[PDB]
């Protein structure tokens, strides 16, 4: 039950000029920039409201028409707050015309080699929320740093409570 994501190019934050063309399938993205500009980028995003708990990864069918390697990265947002980016060092899988290999996320990016024409596998455990360190397929329980009990004694001058045991149950 693969879920195909709608590719809309109405929302773009960039510092380049480009020509986007829809074809039978997918879309061609042409950019004109310079070697000097080391801040160059073309961020393309969408606004949604979907539940993705039944999926475990991104499958990006991309093709590079240049001999030089490209670079791409992902960013997901949950609860209009938590932003998830590629976890540095995490393994991603690139399947080309004849070879499939593992490459680690470097400087927050995925290297797309020259003439690459294939698909890219990025598991959701590869996207993380920096601040919380919570990976996209987990929850806040994944990184508990403190637990405590607040006690508000009765109007009696001296109160005593006995705590025999505290544990965490799981179905």
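Numbering follows the first chain given and starts at 1.
Which of 77-85 and 96-104 has higher mean CA B factor, as the PDB entry lists it
Result: 77-85.
Quick one: higher average CA temperature factor, 45-53 or 31-39?
Looking at the recorded C-alpha B-factors, 31-39 comes out higher on average.
Go through 109, 140, 122, 112 one by one and give the residue whose Cα B-factor in the PDB entry is largest.
That would be 140.
Lowest, middle or highest third: where is residue 154 by C-alpha B factor in its chain?
It falls in the bottom third of the chain.
What third of its chain, lowest, middle or highest, does the C-alpha temperature factor of residue 130 fall into?
Top third by C-alpha B-factor.
Ordered by C-alpha B-factor within the chain, which third holds residue 14? Give me lowest, middle or highest, please.
According to the entry, residue 14 has a C-alpha B-factor in the chain's lowest third.
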